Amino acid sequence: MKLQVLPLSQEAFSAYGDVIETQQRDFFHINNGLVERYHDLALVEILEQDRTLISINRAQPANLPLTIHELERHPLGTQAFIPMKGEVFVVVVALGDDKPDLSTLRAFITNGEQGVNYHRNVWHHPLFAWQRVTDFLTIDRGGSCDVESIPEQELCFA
């Protein structure tokens, strides 16, 4: 089953989470104008844990052609990923209350200038780099989530 990978945008990703980027986003000038502050880009949410967690996930690149078969979901908290050095990366998402609703499965490749923030219960493929090793700053609950199998998918670019 082929799954076309589309460019990442806030509009197309609205149902799964937030896109962390500055392009076409509102900001406040701070100081003489030395700093531009692009406020509230991602809705962080953590349940059953007063403290949020900041970590660094160093993910290896995946074998090409990419072909996922599993999906995870964190019902207890959101999870953000921001490339450490501005590298491009891929994400696969899907909705569904019980199991992943295949009709809502989507694949997105970033422009190398945007991060991502998965909303609670959103199904997404486990982290993996694209082309070369990559460091991702993570912002989530990360405690102890839900893995589910799906019909093998072969990601395509076109």
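Throughout, we count residues from 1 along the sequence that is shown.
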| property | result |
| --- | --- |
| Deposited residues lacking coordinates between residue 144 and residue 145 (none, 1 to 3, 4 to 9, 10 or more) | 1 to 3 |
| Mean C-alpha temperature factor, higher of 50 to 58 and 121 to 129 | 50 to 58 |
| Greater mean Cα temperature factor according to the PDB record, 4 to 12 or 149 to 157 | 149 to 157 |
| Highest-ranked of 71, 76, 88, 84 once sorted by CA temperature factor in the record | 84 |
| Residue of maximum C-alpha B factor among 116, 109, 43, 30, per deposited coordinates | 43 |
| Ranked against its chain, the third holding the CA B-factor of residue 94 | lowest |
